[PDB]
Amino acid sequence: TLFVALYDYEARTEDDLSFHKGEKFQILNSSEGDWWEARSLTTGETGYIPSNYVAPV
Amino acid sequence: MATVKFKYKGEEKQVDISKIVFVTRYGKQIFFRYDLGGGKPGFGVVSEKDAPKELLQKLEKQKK
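Residue numbers (my numbering), protein chains in the order written: chain L, 1 to 57; chain R, 58 to 121.
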């Protein structure tokens with residue numbers, strides 16, 4: 001299950017991850033709560049991503 | 058300042074805005090994370106349609 005970013009968002013900390021429209025993330029832990037920690041398929045970095053800005057493909 | 062109410066994956070809770078780290082508004086739903094001093098952090102989601110705009114104006118401010 002890959003998630004694509006609908007809108008771009010710049011991280012405000014090192015907890016959240018910055019991404020752009022069209023970004024593909026590999027959901028690592030979706031059971032963390034509202035914000036899920038995922039690993040980008042493009043950069044390969046880890047961080048929390050807002051579920052409202054992404055959509056499942 | 059104020060205590061924001063949210064529904065953490067269904068868990069209705071109210072946490073002080075002063076305990077929030079970052080706020081990400083989508084224009085439909087606001088998602089954020091809070092750090093409680095009681096040794097228990099979490100996340101919070103507030104609907105921009107099913108919640109008072111007064112509190113929404115406190116979540117996402119100019120140059121957030």
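Built from N, CA and C at the ideal position, the CB exists for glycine as well.
CA-CA distance, residue i and residue j?
{"i": "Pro109 (chain R)", "j": "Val72 (chain R)", "result": "15 angstroms"}
{"i": "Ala59 (chain R)", "j": "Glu111 (chain R)", "result": "11 angstroms"}
{"i": "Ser75 (chain R)", "j": "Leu2 (chain L)", "result": "34 angstroms"}
{"i": "residue 23 (chain R)", "j": "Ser104 (chain R)", "result": "Chain R is shown only over 58 to 121; residue 23 (chain R) falls outside these bounds and no answer can be derived."}
Chain L partners of residue i, CB-CB under 8 angstroms?
{"i": "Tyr83 (chain R)", "result": "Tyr7, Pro50, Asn52 and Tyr53"}
{"i": "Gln86 (chain R)", "result": "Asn52"}
According to DSSP, simplified to helix, strand and coil, what is residue i?
{"i": "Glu37 (chain L)", "result": "strand"}
{"i": "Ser75 (chain R)", "result": "helix"}
{"i": "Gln119 (chain R)", "result": "coil"}
{"i": "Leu112 (chain R)", "result": "helix"}
Quick one: measure Cβ to Cβ for residue i and residue j, integer angstroms, because I've assumed they're closer than 8 angstroms.
{"i": "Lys24 (chain L)", "j": "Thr42 (chain L)", "result": "6 angstroms"}
{"i": "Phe89 (chain R)", "j": "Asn52 (chain L)", "result": "With a Cβ gap of about 10 angstroms, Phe89 (chain R) and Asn52 (chain L) do not count as contacting."}
Query raised in the report: Quick one: any contact between the stretch 43-53 of chain L and the stretch 83-102 of chain R, if contact means 3 or more CB pairs under 8 angstroms?
Result: Contact holds: three or more Cβ-Cβ distances are below 8 angstroms.
Query raised in the report: Does the stretch 78-85 of chain R come within contact of the stretch 61-69 of chain R, defined as at least 3 CB pairs closer than 8 angstroms?
Result: no
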